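Take a look at the structure below.
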């Protein structure tokens with residue numbers, strides 16, 4: 001299991017514009033297009049992102065290309081953020097995957113706001129951090145996904161996904 005397979009499980013693949021759990025316009029493998037309510041605004045962002053007139057629809061290839069870019073940017077963003085990089089560098093390979101998943105879902109800024117949890121993970125207090133991470137809007141809004149990521153930080157294994 002690797003970062004790509006993990007995220008593909010969590011986000012799914014959709015070739016037509018769709019609304020995400022928060023109601024925002026998305027396509028592909030979790031690629032947010034716009035927080036704006038206009039499907040028109042979304043179609044425009046899409047064409048801009050792909051470099052063609054898509055009319056709301058993309059190919060598998062295109063979705064995977066957006067996915068490669070987004071994972072790359074998620075990693076680069078952790079490496080650029082002081083607080084994030086400290087945690088990242090302290091973790092083992094599996095747990096690194098869990099922080100990248102959070103960053104891909106919620107953005108650097110958002111994850112950086114999990115001050116206490118980040119401190120616990122740095123300290124390798126697995127059980128405590130898991131309990132703290134669950135006290136969040138994140139966990140209440142998308143519980144099954146959050147539980148998968150949380151277990152990942154808790155155990156350091158891919159069990160939560162070996163099911164799926």
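Don't worry about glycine lacking a Cβ; one is built from the backbone with ideal geometry, like all the others, and counts go over all protein chains shown. Read-outs: derived from the displayed coordinates by stated rules, not from any lab.
Can you give me the relative contact order of the range 15-69 as a percent, contacts being Cα pairs under 8 Å and 6 or more apart?
In percent, rounded to a whole number, it is 35.
Could you estimate the translational diffusion coefficient of the chain from the Stokes-Einstein equation, with Rh from the Kirkwood formula over C-alpha pairs, at 4 °C and 1.567 mPa s, in whole µm²/s?
78 µm²/s
Which FRET efficiency value, to the nearest 0.05, do you get for residue 16 and residue 144 by plugging their Cβ-Cβ distance into 1/(1 + (r/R0)^6) with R0 = 30 Å?
With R0 = 30 Å, the Cβ-Cβ based efficiency is 0.80.
Relative contact order of the chain: what whole-number percent is it, with Cα pairs under 8 angstrom and at least 6 residues apart?
Computed over the chain, the figure is 17 percent.
So what's the back-of-envelope 222 nm ellipticity for the chain, counting only DSSP H runs of four-plus at -39500 (n - 2.57) apiece and dividing by all residues, rounded to 500?
Theoretical 222 nm ellipticity from helices: -19500 deg cm²/dmol.
Which peptide among 28-36, 46-54, 3-11 comes first, and what is the full order, when sorted by highest mean count of other Cβ atoms within 10 Å?
Taking the mean over residues of other Cβ atoms within 10 Å, the ranking is 28-36, 3-11, 46-54.
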